[PDB]
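Enquirer: Pasting an experimental structure, sequence included:
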Protein chains: 2
Amino acid sequence: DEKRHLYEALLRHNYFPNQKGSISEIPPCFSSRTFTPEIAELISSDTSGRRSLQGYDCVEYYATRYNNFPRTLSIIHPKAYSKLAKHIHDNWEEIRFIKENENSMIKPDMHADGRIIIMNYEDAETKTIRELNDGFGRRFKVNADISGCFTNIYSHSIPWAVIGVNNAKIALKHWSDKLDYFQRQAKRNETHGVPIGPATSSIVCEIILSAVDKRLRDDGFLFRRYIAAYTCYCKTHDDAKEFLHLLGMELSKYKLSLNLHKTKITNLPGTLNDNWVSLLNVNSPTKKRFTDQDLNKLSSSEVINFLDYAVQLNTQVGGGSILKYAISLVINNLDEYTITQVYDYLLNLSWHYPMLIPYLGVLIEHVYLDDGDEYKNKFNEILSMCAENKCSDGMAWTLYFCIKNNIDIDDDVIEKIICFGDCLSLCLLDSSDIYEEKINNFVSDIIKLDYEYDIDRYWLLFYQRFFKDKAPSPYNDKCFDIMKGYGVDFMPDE
Amino acid sequence: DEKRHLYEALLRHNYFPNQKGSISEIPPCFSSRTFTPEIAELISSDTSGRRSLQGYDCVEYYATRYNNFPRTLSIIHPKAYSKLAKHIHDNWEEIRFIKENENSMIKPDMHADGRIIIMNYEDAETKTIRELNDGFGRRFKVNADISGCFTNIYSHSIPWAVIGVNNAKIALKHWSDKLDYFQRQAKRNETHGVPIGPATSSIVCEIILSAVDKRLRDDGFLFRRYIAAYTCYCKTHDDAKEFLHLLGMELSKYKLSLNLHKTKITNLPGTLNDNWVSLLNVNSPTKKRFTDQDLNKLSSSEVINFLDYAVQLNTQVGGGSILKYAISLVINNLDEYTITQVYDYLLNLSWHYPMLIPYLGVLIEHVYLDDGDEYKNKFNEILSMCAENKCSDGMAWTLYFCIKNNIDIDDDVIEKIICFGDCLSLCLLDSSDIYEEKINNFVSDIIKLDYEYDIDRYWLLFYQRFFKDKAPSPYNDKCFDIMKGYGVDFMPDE
């Protein structure tokens, strides 16, 4: 069924931040499968325990963007998440109108892997044909962005999108009001904001933005939405300015607004992709597939020169993720002579740009890591940099490389891994079991605070220790106990 | 009367190219007054003589623009001009609808000096108030130019403007058809083009362009015309593109077209003047009048530094006549210590930019020209440059300075003054009377050709020699004889 596929997707696949489909933002050690929908029903049914704080906090995760900026992905506390996912499942026949929207490019969809939200998933041919087809006969292309979107979505506006603003205000139960309550329970009983990364917040965002899409559609606008980005194709500048006005009205009705540093009108014909994308692909040494693998295999100077050219292009343009695109272009066709050189270049690029650390997972088997302890000092210097810059995805990926490849990790860099206080980093140090006593000091400092929001901020670490019998639950409810009795592990093996 | 003022203006004032109101393009030695309307009636009444060539040619005059480009002003042959001016006078009650047009900024008007066409004549306050008033509430400013205008105005389209295209085509007498014939007789019986500089061609251009102004007006466009330049103020880009379309249609109906290298749409608020104008005026040392003349008098370093800054600004922008504007800013407030320095700077600027030569007429009394023959070699080196670059206005102004200030002129530069073959230069050499024999060789080479168009190209030189009794008329008609008997002199004294 599609209800069952959504129920699997909300918990087994898209609970953790898993929207990016090329490389994940979270290392593959953390997996949210075995958190089955029946365990979510049992958690929702459980009513024990008393909480002194309204709502639940989230395990935080600062992922690095192309400009090294942090984006705070969140792992919802699972007692607050099981109710939210179960509510979205039970109400799916009244929610699936977001699937029938045609202006939302990334939306819930029955993906084969098990997910429902995968950004940048559709193939290049259809994307090109759509871009030309919608750019047919038009003069201007308007790009608009919602300012926060994740930051300031109003949860009380979830019924406003569903049955209208004034009908919902008069009505103040309906399914969308309980959805608003359950979404609020996900993040500290707070009206504004949604945790970034779970598909439940993507569904909540799609529900609110589908009314905006409906009103923009009914006024005859050619437009597409990519999460919070609206692209409009306009025969004249009348359409260009009036779409911006109507989008501003429709967002302001649901308390949202437009990012005016991201608004720009560009005369068609522009570029189907961004300009740096075609600059890289035109100069890519892999741009032609030769149908024989020896020809497809690249040389040392070819890959290195393309990587230098990508570095200059990112310094000179910087409009997008130039390094990640360029590295994905050359990463899978490396010859054995290249692997050490491109590996060290990736070490250089991963230090300077910590979002490039996941690509280091491709080469680690082919590179002989023992060497003369060069890579040993490299990964620790990266770990120190990720501790310094407060970057969670680079820290977690580097620690996944350190435990998976058994490379030792220094004490002084751990002094800042423990002091940074990223939860997912501390779960990796927790799964190592060598640093049991520095982990114990941190969790004891959390418990001695007697602040439930900090325990909810480190619920993944606390649950991993409780499931590994190294600690008891810090909660008086049965949620951790129902998780552990059924075998829920958020750091599972194969 | 206004008919009589127009009749004076066509011959006494605006026969010669005299449209510019700050400094003339022709030196003040050449004056078209004493060519009274009664002499024009007597020339028109005369029917003697036979001509083997259809129409008449014009005395040519390549004036230098801000980018050193030549513009070929023309002095119409007066037998072909008297008929044209008399025809425009007799038909003035059917022509004066061009005066009632409100979108034509430069048009026939009763000016006090005696002219009817003076470009850049209205005061700055009204121009500013108009520019703001028409820029009220609008988003875009469209600038469009007719491509040739003077070059390719179709004379057969003069009745097309007057009574409509199809009515005039069916009609193929009416006054506009004889106007078309008389305008053709001005330039070699040629359908396309108008001689630049006489007000009769300005009237002919206004007659054709007033129909374009009428159709653009009736479609509700806010627009102004400066000779061949249309500026439109647009609430949106719909108005911006549709005005360009409608102007293209209305010009193509009368066989004209749009200069598409001069078309540009600029988002308001732009600049009331051009950007270099405010850059000069903000940095002008004369920008504040102090109501006492000693304060208004400028120092040496002040004027010189402003002139250097103007030179850099013209090198760096070049969008308009930066040097002429800057020099007009400082020229009239010079202190006696400045005059030699600014004079030599003007010598430097006049050599490099020959349109700046007329400003040398302001300083020549205050500068002691005898010196050590420095200015003697300067004006001859300028004369050689004007001969080399084929610039008529610089040649004529420099020769006016040479004869008026009695400074001697070398033989070898005269070897190229005679070889350039500018008519107005040869009339200055003709009025000097020292070089009677090199003038005689040139006019004998013209007469031996037996080409009436070359005689019409040098009609001013031929008439000046005939009126000075140094030569006979080269024409079998009585036009020169009626001119000389009534005392018509085109190089008159006071």
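Expert: In hand now; what should we look at? Numbers count the residues shown, from 1 in each chain, chains lettered A, B, ... in the order given.
Enquirer: Surely residue A:157 is in contact with residue A:254?
Expert: Yes. Contact criterion CB atoms under 8 Å: residue A:157 and residue A:254 qualify, at 4.7 Å. No exception for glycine: its C-beta is placed from N, CA and C like everyone else's.
Enquirer: buried residues in the top helix by length along chain A?
Expert: If you go by DSSP state H, chain A has its longest helix at helix A:199-218. Residues A:199-213, A:216 are the ones in helix A:199-218 that count as buried (16 or more other CB atoms under 10 Å in any protein chain shown).
Enquirer: Could you do stretch A:236-249 as well?
Expert: So for stretch A:236-249, counting by 16+ other CB under 10 Å, buried means A:236, A:237, A:239, A:240, A:241, A:242, A:243, A:244, A:246, A:247, A:248.
Enquirer: Which residues of chain A lie near chain B?
Expert: Residues of chain A lying close to chain B by CB under 8 Å from any CB of the partner chain are A:236, A:237, A:238, A:241.
Enquirer: right, and out of those, which lies closest to chain B?
Expert: residue A:237 (3.5 Å; CB to the nearest CB).
Enquirer: need the contact list for the closest one.
Expert: Residue A:237 is in contact with A:139, A:140, A:265, B:236, B:237, B:238, counting by CB atoms under 8 Å, 6 or more residues apart in numbering or on different chains.
Enquirer: and if we set it to 10 Å?
Expert: A:139-140, A:142, A:265, A:267, B:139-140, B:234, B:236-238, B:240-241, B:265 (CB atoms under 10 Å, 6 or more residues apart in numbering or on different chains).
Enquirer: Dihedrals phi and psi, it?
Expert: The phi and psi torsions at residue A:237 (degrees, to the nearest 10) take the values phi -80, psi -10.
Enquirer: can you check residue A:264 too?
Expert: phi -160, psi 140.
Enquirer: Now do it against chain B, distance only.
Expert: 14 Å (CB to the nearest CB, to the nearest Å).
Enquirer: Can you report how many residues lie near that residue?
Expert: For residue A:264, the neighbour count with other CB atoms under 10 Å in any protein chain shown is 11.
Enquirer: these two touch, right, it and residue A:144?
Expert: Yes. Residue A:264 is within contact range of residue A:144, at 8.7 Å (criterion: CB atoms under 10 Å).
Enquirer: which residues does the closest residue to residue A:5 other than its chain neighbours contact?
Expert: Once flanking residues are discounted, residue A:5 sits nearest to residue A:110: 5.5 Å by CB to CB, 6 or more residues apart in numbering or on different chains. By CB under 10 Å, 6+ apart, the contact list for residue A:110 reads A:2, A:5, A:6, A:9, A:99, A:116.
Enquirer: Going by neighbour count, which of those residues are buried?
Expert: Taking 16+ other CB under 10 Å as the criterion, what is buried in the contacts of residue A:110 is A:5, A:6, A:9, A:99, A:116.
Enquirer: from the residues you listed, which single one is nearest chain B?
Expert: Distances from chain B to the buried ones among the contacts of residue A:110, taken by CB to the nearest CB, are shortest for residue A:99, at 37.2 Å.
Enquirer: Tell me the backbone dihedrals of the closest one, please.
Expert: Main-chain torsions, residue A:99, degrees, to the nearest 10: phi -70, psi -30.
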